[PDB]
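1. based on what follows, work out the 3D shape:
(4 chains, ligands or ions: 16)
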Amino acid sequence: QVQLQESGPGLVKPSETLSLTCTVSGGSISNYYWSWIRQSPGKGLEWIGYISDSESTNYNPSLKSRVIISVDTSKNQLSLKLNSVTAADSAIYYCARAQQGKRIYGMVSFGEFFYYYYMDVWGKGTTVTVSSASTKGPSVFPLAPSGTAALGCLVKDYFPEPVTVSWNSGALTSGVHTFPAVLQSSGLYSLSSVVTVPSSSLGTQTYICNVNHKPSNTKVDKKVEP
Amino acid sequence: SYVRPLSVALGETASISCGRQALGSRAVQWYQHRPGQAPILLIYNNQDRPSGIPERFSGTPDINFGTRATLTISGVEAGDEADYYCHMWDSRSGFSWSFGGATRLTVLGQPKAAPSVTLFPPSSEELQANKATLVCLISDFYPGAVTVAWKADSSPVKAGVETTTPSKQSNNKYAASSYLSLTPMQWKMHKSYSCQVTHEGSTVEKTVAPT
Amino acid sequence: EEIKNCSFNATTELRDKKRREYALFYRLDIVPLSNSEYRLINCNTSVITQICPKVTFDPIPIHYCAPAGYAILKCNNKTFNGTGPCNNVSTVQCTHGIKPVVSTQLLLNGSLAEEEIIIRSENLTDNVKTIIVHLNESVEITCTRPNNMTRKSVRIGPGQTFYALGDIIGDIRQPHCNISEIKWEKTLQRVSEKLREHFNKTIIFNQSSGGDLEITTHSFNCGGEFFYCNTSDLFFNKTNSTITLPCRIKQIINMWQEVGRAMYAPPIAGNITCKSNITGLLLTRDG
Amino acid sequence: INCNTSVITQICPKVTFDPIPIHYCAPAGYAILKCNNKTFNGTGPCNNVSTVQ
Ligand SMILES: *[C@@H]1O[C@H](CO)[C@@H](O[C@@H]2O[C@H](CO)[C@@H](O[C@@H]3O[C@H](CO[C@H]4O[C@H](CO[C@H]5O[C@H](CO)[C@@H](O)[C@H](O)[C@@H]5O[C@H]5O[C@H](CO)[C@@H](O)[C@H](O)[C@@H]5O)[C@@H](O)[C@H](O[C@H]5O[C@H](CO)[C@@H](O)[C@H](O)[C@@H]5O)[C@@H]4O)[C@@H](O)[C@H](O[C@H]4O[C@H](CO)[C@@H](O)[C@H](O)[C@@H]4O[C@H]4O[C@H](CO)[C@@H](O)[C@H](O)[C@@H]4O[C@H]4O[C@H](CO)[C@@H](O)[C@H](O)[C@@H]4O)[C@@H]3O)[C@H](O)[C@H]2NC(C)=O)[C@H](O)[C@H]1NC(C)=O
Ligand SMILES: *[C@@H]1O[C@H](CO)[C@@H](O[C@@H]2O[C@H](CO)[C@@H](O[C@@H]3O[C@H](CO)[C@@H](O)[C@H](O)[C@@H]3O)[C@H](O)[C@H]2NC(C)=O)[C@H](O)[C@H]1NC(C)=O
Ligand SMILES: *[C@@H]1O[C@H](CO)[C@@H](O[C@@H]2O[C@H](CO)[C@@H](O[C@@H]3O[C@H](CO)[C@@H](O)[C@H](O)[C@@H]3O)[C@H](O)[C@H]2NC(C)=O)[C@H](O)[C@H]1NC(C)=O
Ligand SMILES: *[C@@H]1O[C@H](CO)[C@@H](O[C@@H]2O[C@H](CO)[C@@H](O)[C@H](O)[C@H]2NC(C)=O)[C@H](O)[C@H]1NC(C)=O
Ligand SMILES: *[C@@H]1O[C@H](CO)[C@@H](O[C@@H]2O[C@H](CO)[C@@H](O)[C@H](O)[C@H]2NC(C)=O)[C@H](O)[C@H]1NC(C)=O
Ligand SMILES: *[C@@H]1O[C@H](CO)[C@@H](O[C@@H]2O[C@H](CO)[C@@H](O)[C@H](O)[C@H]2NC(C)=O)[C@H](O)[C@H]1NC(C)=O
Ligand SMILES: *[C@@H]1O[C@H](CO)[C@@H](O[C@@H]2O[C@H](CO)[C@@H](O)[C@H](O)[C@H]2NC(C)=O)[C@H](O)[C@H]1NC(C)=O
Ligand SMILES: *[C@@H]1O[C@H](CO)[C@@H](O)[C@H](O)[C@H]1NC(C)=O
Ligand SMILES: *[C@@H]1O[C@H](CO)[C@@H](O)[C@H](O)[C@H]1NC(C)=O
Ligand SMILES: *[C@@H]1O[C@H](CO)[C@@H](O)[C@H](O)[C@H]1NC(C)=O
Ligand SMILES: *[C@@H]1O[C@H](CO)[C@@H](O)[C@H](O)[C@H]1NC(C)=O
Ligand SMILES: *[C@@H]1O[C@H](CO)[C@@H](O)[C@H](O)[C@H]1NC(C)=O
Ligand SMILES: *[C@@H]1O[C@H](CO)[C@@H](O)[C@H](O)[C@H]1NC(C)=O
Ligand SMILES: *[C@@H]1O[C@H](CO)[C@@H](O)[C@H](O)[C@H]1NC(C)=O
Ligand SMILES: *[C@@H]1O[C@H](CO)[C@@H](O)[C@H](O)[C@H]1NC(C)=O
Ligand SMILES: *[C@@H]1O[C@H](CO)[C@@H](O)[C@H](O)[C@H]1NC(C)=O
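-> Residues are numbered from 1 along each chain as shown, chains lettered A, B, ... in the order given. Ligands and ions are numbered 1, 2, ... in the order given. The protein structure is shown below:
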């Protein structure tokens, strides 16, 4: 009954405040705890901090001097600010619902207990990239097809990750296979997507892909045919 | 941080030992985390697991001090291949900010699968912009290790190749891309290009030609 | 700041070589001297002697006998004030078995009155005379120090292996005692009924006036370690559940308040739990 | 050798350990019975017994 979803910039220049937000779906925000976790390539999971149902802050001392975990009780919205961003801060940032557990081993009167937290429902994640390089829209060229036929599209030269691909604005979902992207020596990723399809289906049944690259806000689309 | 290896056979039972022994009465969490994927909470209390996690996932309760926290995965399948974290809370140690070192489970004995190579030629609109780029798409193979080889006619070419590293699919199989970029003139002057995917002991090749 | 992990430079089996040892110490057995440097509580005024770790202070019945040509006269009026004429007297060669139970405020593992609850003192008209309550209903107390402790032998000199507080295995918890709420409140609303006989006023229980730790507390022994329990939750006269007294533990104690002789009780390893009967009191009246 | 487990005490250099005869006597109202069978096993019935102070 409680979902989550992040929202980020995708790109932040070095030494600058990185801002993300999350939108709770199906529950009161000022009713639970909320945490932020980020995973960088190489380093394991790192717990950034958490905000109580009382909206009281508490950050990881590994970055406590640079984190501000806010909230907007009005619109089920939780935020994060990370000032003084450096190249290491690039990671996949998650927001999750922390649930408080009260572990009691002795007498509750003598305080013989401690407080442990566990994040049981997370967001889908927002990828952030730290590089002073500028943004760049892609270039989606059609891959014409030729038992079963296979057609696709070549999303060329963009920065930075990610890129959203879909077929017929959501109509065609089966047989699709979007491929992971290739970072090029020029410094910009190139992606590819294909869909296996019946050999007769290209009578005129329009197959149109849908490419979204939001870090530049340059959404395009294109149609494939022999 | 630094990761610890672990290999169990498919169908067998995995015993993931925690990284840090507890000093008091504990409350250990277990997070399954695959790379590029949102972690899921397997077990929150020392043994309690939320709705949506199978019974084959088992934790050790803290009934007497001295017991060591271990995660038990009965009947390990290919999907159980991930990183596992031991969030260790206890009475005497302070605030468990760290999830601890990862234990990367790698289930052995998964079935082998063959690539599904497909090579598209440069696009006409691409060729119009004085830029041609072939694309070889390898998918649905296992184990995740392939050797691509680009052959202009018969002689090989290596200047212009960029091969994506194998990555796992939803089928628990691997897929990799490989792009050969070339000027639109050397795309027409050659007889035909080829993409030779070598996986395990077998090679397989899809070739394309300018026409 | 309940207990401490303390390090100290210690003499070894050889007289010139020094060793750096660590040992746990209760906060009560230590004083903060004039950067987290401390000092044993009774080194500024007394000589400390450690109990030979084999002898035990388990109270066993003592039979006090009179020599030949002497006699012991025993009163058996089950209402005897403790003073004056008692009839039905009988002679015995030896007294009954008497356990030397050393406690404060609350009398542990004592005898019971057969009828009523006998108040005893010399002069009840002043105040400085100690009132001694006897009881017929014994309230069962249960005390325990739950910290699973470890004994650690340290080398301090030739043949001199003093035994220190090693390590706390398991949880860090608090020593305490339990008494039943309905039962102690019942038998304390009973002693109240008997004080009205002599003082035709309204009786009251506050707490100990203060001073040294041993007088203010319910000091006693349990398993081999000396407890000190804050009895405020027992004496507050307010005419089911259970009550719990916060107790602490000392290792540097000074029983039989000598000129300057301290006593170190070697730590008893493991889980300590003793259940004892409270069969009396010793109250003091304000002016 | 014995500093790792014991306290060492030096003999007062005047006292001597020269073994001299010790006469063990019993108090008044008691007696000492002596066997004089020159084959006595050390245990059991001995005849010819004599008493000594
Ligand atoms: C002198 O007087 C003194 C004072 O009176 C007295 O001190 C007492 O000492 C004893 C022993 O030292 C203390 O006993 C401990 O009590 C702890 C608390 O126990 C109560 O609470 C739990 C949990 O309650 C939550 O969960 C339940 C359901 O799960 C809910 O119903 C509750 O509402 C509550 O849920 C809310 O809690 C939070 C607050 O709102 C929220 O965060 C949360 O989200 C929820 O909203 C209850 O389950 C207990 O129920 C049991 O007892 C009741 C009787 O009332 C019965 O229903 C039934 O018999 C139940 O069995 C209870 O009410 C215990 O946690 C503790 O036991 C654990 O800890 C010790 C030490 O760590 C372990 O060794 C032990 O084995 C236990 O570990 C189990 O539990 C932990 C925690 O869950 C697990 O992590 C662990 O793996 C293990 O789980 C396994 O076993 C479980 C059962 O054992 C099983 O369920 C699991 O599935 C798994 O297999 C211990 O018993 C007592 O607290 C002291 N007194 C006071 C006042 O504190 C002293 O003894 C006296 N005598 C002397 C000195 O001689
Ligand atoms: C009380 O304080 C003393 C120090 O004054 C503590 O001794 C120290 O304890 C730790 C943990 O036992 C030792 O570190 C450990 O070393 C071992 C071996 O390398 C390793 O297994 C651990 O990962 C950790 O690194 C430390 O060496 C030790 N110091 C000495 C001089 O022995 C003691 O643990 C404290 N105990 C309590 C109950 O407070
Ligand atoms: C008042 O009297 C009671 C009853 O005798 C005392 O309880 C006794 O406490 C002693 C010391 O802790 C117990 O000795 C222990 O025995 C157990 C099992 O036998 C053993 O595991 C321990 O190592 C230790 O020897 C004794 O058992 C216990 N008696 C009973 C009947 O349970 C109590 O201590 C007395 N109170 C005072 C202040 O002296
Ligand atoms: C209390 O501490 C001791 C050790 O500090 C634990 O004693 C163990 O008891 C088991 C019982 O079979 C023995 O096999 C072990 O050898 C003992 N340990 C040692 C070091 O001797 C005891 O379990 C602890 N109690 C707790 C933690 O509740
Ligand atoms: C006088 O004192 C004696 C105790 O010395 C009491 O005698 C005991 O009485 C009980 C009750 O029947 C008997 O079971 C015991 O056998 C008696 N003891 C002896 C040694 O005879 C006696 O009850 C007292 N009398 C009064 C009036 O108090
Ligand atoms: C604690 O109190 C109970 C109740 O008075 C004692 O139980 C009696 O113990 C005496 C010991 O001589 C027995 O002769 C009685 O038969 C017992 N009667 C009842 C009703 O229990 C118990 O012995 C007391 N324990 C201590 C250590 O004082
Ligand atoms: C019985 O025991 C006594 C010793 O107590 C023996 O008596 C001695 O015998 C020798 C041998 O002639 C005498 O010189 C001593 O004077 C005797 N001593 C006394 C005190 O009279 C005696 O020989 C023993 N008899 C037997 C048969 O063994
Ligand atoms: C013991 O003495 C040495 C100097 O020899 C010093 O370095 C050390 O800190 C001392 N330790 C304590 C606990 O006094
Ligand atoms: C001795 O130490 C005690 C610790 O409580 C202190 O209060 C007292 O003043 C000291 N007295 C002397 C004579 O050293
Ligand atoms: C015990 O002494 C009291 C003192 O008032 C007396 O009333 C009672 O009768 C005496 N018991 C006897 C004589 O048995
Ligand atoms: C104690 O009882 C005796 C009985 O003869 C009585 O004379 C005396 O006044 C009483 N004293 C007190 C302090 O109760
Ligand atoms: C104990 O003595 C008191 C004295 O007032 C009395 O009220 C109570 O009934 C007696 N209880 C028993 C069990 O003898
Ligand atoms: C005695 O009884 C009441 C309860 O708090 C109060 O008047 C007073 O503070 C208490 N303590 C004393 C007089 O030391
Ligand atoms: C005793 O406990 C009471 C409350 O239970 C507390 O107010 C008081 O300060 C305590 N005194 C001591 C000496 O521990
Ligand atoms: C003491 O010294 C003797 C010397 O023979 C040695 O064998 C023994 O192990 C030592 N033991 C202790 C407890 O120091
Ligand atoms: C002494 O005892 C032995 C035991 O066999 C016996 O043969 C011998 O005759 C005894 N000597 C006597 C009685 O003089």
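2. quick one: residue B:167 and ligand 14, what's the gap?
-> 64 Å (CB to the nearest ligand atom, to the nearest Å). Using the backbone N, CA and C atoms, a C-beta is placed for each residue, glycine as well.
3. over to residue C:184?
-> Distance from residue C:184 to ligand 14, by CB to the nearest ligand atom: 15 Å.
4. contact partners for that residue?
-> By CB atoms under 8 Å, 6 or more residues apart in numbering or on different chains, residue C:184 lies in contact with C:139, C:234, C:243.
5. 6 Å instead, please
-> By CB atoms under 6 Å, 6 or more residues apart in numbering or on different chains, the contact list for residue C:184 reads residue C:139.
6. how would you label it: helix, strand or coil?
-> Following DSSP: H, G, I helix; E, B strand; the rest coil, residue C:184 is assigned to helix.
7. that one and ligand 1, how far apart?
-> 13 Å.
8. right, and the helix or strand after the lengthiest strand in chain A?
-> Secondary structure of chain A per DSSP state E: the longest strand is strand A:92-104. Sequence-wise, the next helix or strand downstream of strand A:92-104 (DSSP states H and E) is strand A:113-122.
9. so does that next one get close to ligand 1?
-> No. Under the criterion of CB under 6 Å from any ligand atom, strand A:113-122 makes no contact with ligand 1; the nearest approach is 8.2 Å.
10. summarise which helices and strands whatever helix or strand residue C:139 lives in is packed against.
-> Assigned by DSSP H and E, residue C:139 falls within strand C:132-157. Other elements packing on strand C:132-157 under the criterion 3 or more CB pairs under 6 Å, 6 or more residues apart in numbering or on different chains; DSSP states H and E are strand C:3-11, strand C:160-168, strand C:176-180, helix C:181-198, strand C:270-280.
11. so what strands line up beside it?
-> Looking at strand C:132-157 with DSSP bridges, its partner strands are strand C:119-120 (antiparallel), strand C:160-168 (antiparallel), strand C:176-180 (antiparallel), strand C:270-280 (antiparallel).
12. among these, which is nearest residue B:162?
-> Proximity to residue B:162 (CB to CB) singles out strand C:160-168 among the strands paired with strand C:132-157, at 58.8 Å.
13. residue C:280 contacts residue C:107, doesn't it?
-> Yes. Using CB atoms under 6 Å, residue C:280 is in contact with residue C:107, at 3.5 Å.
14. what lies in contact with stretch C:69-76?
-> With CB under 6 Å, 6+ apart as the contact definition, stretch C:69-76 has outside contacts at C:66, C:86, C:88, C:89, C:90, C:91, C:92.
15. correction: the previous question concerned stretch A:204-211.
-> A:140, A:153, A:155, A:165-169, A:220-224.
16. mind checking which of these are buried?
-> Among the contacts of stretch A:204-211, those scoring as buried are A:140, A:153, A:155, A:165, A:166, A:167, A:168, A:222, A:224 (criterion: 16 or more other CB atoms under 10 Å in any protein chain shown).
17. a markdown table please, covering those residues and showing distance to residue A:196 and secondary structure.
-> Shown next, in a markdown table, are these (distance: CB to CB, whole Å; DSSP: H, G, I helix; E, B strand; the rest coil):
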| residue | distance to residue A:196 | secondary structure |
| --- | --- | --- |
| A:140 | 19 | strand |
| A:153 | 14 | strand |
| A:155 | 18 | strand |
| A:165 | 15 | strand |
| A:166 | 16 | strand |
| A:167 | 11 | strand |
| A:168 | 15 | helix |
| A:222 | 19 | strand |
| A:224 | 13 | strand |
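18. farthest pair within the residues you listed?
-> Across these, no pair lies farther apart than A:155 and A:168, at 16.7 Å, counting by CB to CB.
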